[PDB]
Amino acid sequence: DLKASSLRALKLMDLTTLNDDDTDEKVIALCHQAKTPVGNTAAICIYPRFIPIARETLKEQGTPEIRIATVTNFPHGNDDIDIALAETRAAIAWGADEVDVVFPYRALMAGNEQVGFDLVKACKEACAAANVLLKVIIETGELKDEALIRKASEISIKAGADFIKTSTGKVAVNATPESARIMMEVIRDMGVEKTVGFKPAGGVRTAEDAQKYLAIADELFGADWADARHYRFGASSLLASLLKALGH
């Protein structure tokens, strides 16, 4: 069971490093790690300033189709649309293939549903012009309440999210199977399975963890739904666990 799930999960990874002190050397090492004996990850995920060196590293190792994702309005999810949009425009200028923006979740918790729509919509319009996919992080671990997790997912989808994502990986609680089910149920209920992907991020540590998340996906949408356009794992150490389950 774990071998089949681990090969699927590996090819859906957004292999991530997002540290306050990352270096070119660490990003280069991450790019090399993304090219495994059993397949390439879907993407890497790095801060915007590392996109040029990552792009050249991916080309020079012959994996030019590994996508480069980055983060904006991050990790805070503040409710200043001008800053979030400026950061998103800068990430596009740095060369991002995908932008993972943090939803203004504390503003939603305070009762403001509109700012989340306007922020996501503005960032989507910049990305769409550049053929850049937009993922939206709702920070389920800080929203906590099921109704707020559903509402943030709904707002993000209505505003044009291409993916909804659980977490930044920078708070106490990130992805859980519970949160993943709630968010994928919204994708189902809104009828957007064709156009909106799901990404659990943070706290996905083992091949066993990955298998549980994919089981939810297969149950809700069919075993043929998950692919790079519809599913990613936001993770790092997971990759070594997947390779171990596959005999590497």
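For every residue, the number given is its place in the sequence shown, counted from 1.
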The stretch carrying the higher mean Cα B factor in the deposited entry, 65 to 73 or 214 to 222, is 214 to 222
Comparing 103 to 111 with 164 to 172, the higher average Cα temperature factor in the PDB entry belongs to 103 to 111
When the entry's CA B-factors for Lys35, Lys199, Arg49, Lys26 are compared, the highest one belongs to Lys26
From the entry's CA B-factor values, the highest among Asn131, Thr140, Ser156, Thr88 is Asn131
Temperature factor at the Cα of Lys124, chain-ranked in thirds, falls in the middle
So, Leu148's CA B-factor, relative to its chain, sits in which third? The middle
Chain thirds by Cα B factor, record data; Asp22 belongs to the middle
Quick tally, chain-level thirds of C-alpha B-factors: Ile81 sits in the highest
Binned into thirds over the chain's modelled residues, the C-alpha B-factor of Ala54 lands in the lowest
